[PDB]
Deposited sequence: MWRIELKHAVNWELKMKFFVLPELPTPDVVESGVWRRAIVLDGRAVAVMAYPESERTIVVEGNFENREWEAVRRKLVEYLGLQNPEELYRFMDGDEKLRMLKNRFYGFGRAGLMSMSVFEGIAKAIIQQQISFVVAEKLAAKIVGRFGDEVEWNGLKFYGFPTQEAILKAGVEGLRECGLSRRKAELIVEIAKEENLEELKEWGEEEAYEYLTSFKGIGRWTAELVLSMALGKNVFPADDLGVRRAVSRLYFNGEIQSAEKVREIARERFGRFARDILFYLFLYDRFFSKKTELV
């Protein structure tokens, strides 16, 4: 039992609403407002769960060590996006459409991440290519089911995204078996061979983008999605079709704009908060749209 004490209220129900298939282990499971997964910490999988005890207090329970609390706390703050949103909210107030987004999803706070590791973020971004998000999430669940860790703790099963070593063992055929196309299976396996992959999170955006796009089959949208969603960098993936739609609805009266036009909007209006606003745009595209 540990507490994460926030300076600002967070609406947990809106945080949880970000997940598309909360009940299915993707690897995350959310049941009755309780978030949980297994995470690999110093070479083994540990159970972690989180839920609010109040508007400014998130309770964490798990079978990791007291001495490991600091590191788990950091990981959860970042993954769930629990950081002080005061400055973001003030900034959003300064733009008519950002203010509307802020009011429609008020208490969502700052952006979290899509993954608990660089490897998970890259693999999921590859999976998601040219398919519906629901289909992508089901594929991730199959892969988690087959090759991810599973920890039983306190009457509950906690599921983890497969390690790089697990994916290497699974191999291209293991991934194809889960429903993944040959080339996507090949690419995830090639990524799994990369050592020190977790270090990418601390690379400069420029070097990280060049690295990501140096893989055949990883281009601009996939790289920028990883950068923003998985690496926490202020890189705005304007090629994303949900993003283009949301920005077009907000600023161009529902008339679909090019990625280059959407990029210009982001530079002019979103500034240092583009990565946070990105998550509000995703919600907007999902939840506000014979």
In sequence order, the deposited-sequence ranges that have no modelled C-alpha atom | 290-294
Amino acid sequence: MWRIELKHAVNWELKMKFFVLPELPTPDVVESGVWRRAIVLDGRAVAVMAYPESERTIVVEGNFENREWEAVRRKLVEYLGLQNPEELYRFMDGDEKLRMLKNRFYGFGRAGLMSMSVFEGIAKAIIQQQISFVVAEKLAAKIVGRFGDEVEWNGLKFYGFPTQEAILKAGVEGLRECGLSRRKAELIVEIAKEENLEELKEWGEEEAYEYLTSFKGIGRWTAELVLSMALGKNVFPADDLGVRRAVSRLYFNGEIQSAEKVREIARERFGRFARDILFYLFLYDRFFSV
From here on, numbers count along this sequence of modelled residues.
Would you mind comparing 202-210 and 174-182 for me and telling me which has the higher average C-alpha temperature factor in the entry?
-> 174-182
On average, are the C-alpha B-factors higher in 153-161 or in 183-191?
-> 153-161
According to the deposited entry, which of 233, 244, 36, 67 has the largest Cα B-factor?
-> 67
Could you tell me which one of 223, 29, 58, 262 shows the highest CA temperature factor in the PDB record?
-> 262
Sorting the chain's modelled residues by C-alpha B-factor and splitting them into thirds places residue 71 in the highest
Third of the chain's Cα B-factor distribution that residue 87 belongs to, per the entry = middle
Chain thirds by Cα B factor, record data; residue 227 belongs to the lowest
C-alpha B factor of residue 133, ranked within the chain: lowest, middle or highest third?
-> highest
For residue 267, return the chain-relative third of its C-alpha B-factor as stated in the PDB record: lowest, middle or highest.
-> highest
